[PDB]
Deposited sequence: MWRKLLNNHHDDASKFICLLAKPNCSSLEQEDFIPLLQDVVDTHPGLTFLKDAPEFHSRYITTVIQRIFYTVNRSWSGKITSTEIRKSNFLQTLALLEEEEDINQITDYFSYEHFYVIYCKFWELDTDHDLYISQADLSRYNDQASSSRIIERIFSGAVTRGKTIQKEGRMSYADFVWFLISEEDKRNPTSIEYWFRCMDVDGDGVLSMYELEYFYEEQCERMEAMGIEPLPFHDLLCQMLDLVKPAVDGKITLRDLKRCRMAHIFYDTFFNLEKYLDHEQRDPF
C-alpha cells in the first residue's frame, strides 16, 4: 500500500522530497491533456482559455479529492477518489463532454459564463457588491460575508478559482464537499456545531428580507422545530456536520437559513 497507483501518482507529480500535491503540481498534467486530447484540441487556438479550463478542472479535482481541505492532496485522498479511473476513461473517450467528472468542457463553459455574468464591474474579480447587483434575493449578505471572511479557504475580492467552489456548492448542496463549504460558513465560532445563536443570526436576515417583500416570516421557534426534526441530530441543541451529511436533507436546511429564493420555492 506504499507502491500502488496512488502512491506512484504522487511521486510522479510532486516536488522533490514531497509526498503531497498542490494545485500547481497538476498544471503540467492538465496542459498535456489539452494538447493531446481530440475533444480539447480546439483550445490550442485559444491558449488564453487554457488557464480558465485548466484552473476549473483543478478546482473540481481538489473539490472532490482533497477531502481534508488541506490544499495538499495525498495518496490516501487519491485512493478513495475515482480520479485515476477517470484518467483511464479519458484516454478512450474522444468526446470530452462525456467525461462528466472533472474534465467536461461544457461543465467548465457554464461556470465561466456565470462568472462572466456576475462580474458586473468587469474587473475580473467577484466582489461582495457584484453578488448584490446580480441577484438581490438569492444569497444573504450574512452568508456572503462569511465566504469573504475566509471561512472557506481581508482583500474583499473573490478570484475566479474561489468562485468555482462557490458556484458548484450553491448549485448542488447535496455532495459532501458542498455540505461542509456551507457548514464552515454557518459555524462562526468554529466549534464544529451549529448553535442556536448562529442559526438565529442567519435567520434574522431572512426575516428582514421577507418583511421587505410584504411576506410574514415564520417565528424562529417554529422554524427550529421544523429544522431539528429534519436533521435528526444526536444532541438536541448540537447540530453537527456529520448530522447534516447523514440526514440527506442539508440542501433544504441550508436554503432555509441563507437562500431566500430557494426557500420561498418550498
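Absent C-alpha positions map to the deposited sequence ranges 1-7, 161-166, 280-285, in order along the chain.
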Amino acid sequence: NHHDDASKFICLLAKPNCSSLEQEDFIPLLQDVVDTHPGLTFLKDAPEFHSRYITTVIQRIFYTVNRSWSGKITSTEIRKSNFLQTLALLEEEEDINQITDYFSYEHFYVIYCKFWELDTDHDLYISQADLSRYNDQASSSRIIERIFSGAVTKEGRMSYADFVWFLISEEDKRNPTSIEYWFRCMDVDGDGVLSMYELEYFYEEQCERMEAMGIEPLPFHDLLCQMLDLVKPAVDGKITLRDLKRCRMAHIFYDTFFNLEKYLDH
From here on, numbers count along this sequence of modelled residues.
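The PDB entry records a higher mean C-alpha B factor for 125-133 than for its counterpart among 166-174 and 125-133. Stretches 101-109 and 114-122 differ in mean C-alpha B factor, with the higher average recorded for 114-122. Note on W69, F220, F42, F26: the highest value goes to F220, judged by CA B factor as recorded. Considering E77, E155, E145, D95 together, the PDB entry gives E155 the largest C-alpha B factor. Looking at the C-alpha B-factors along this chain, the one for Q226 belongs to the highest third.
When all modelled residues of the chain are sorted by CA temperature factor, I10 is found within the lowest third. Sort the modelled residues of the chain by CA B factor and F49 lands in the highest third. The entry lists a Cα temperature factor for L30 that places it in the lowest third of the chain's modelled residues. Ranked by C-alpha B-factor against the other modelled residues of its chain, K238 falls in the highest third.
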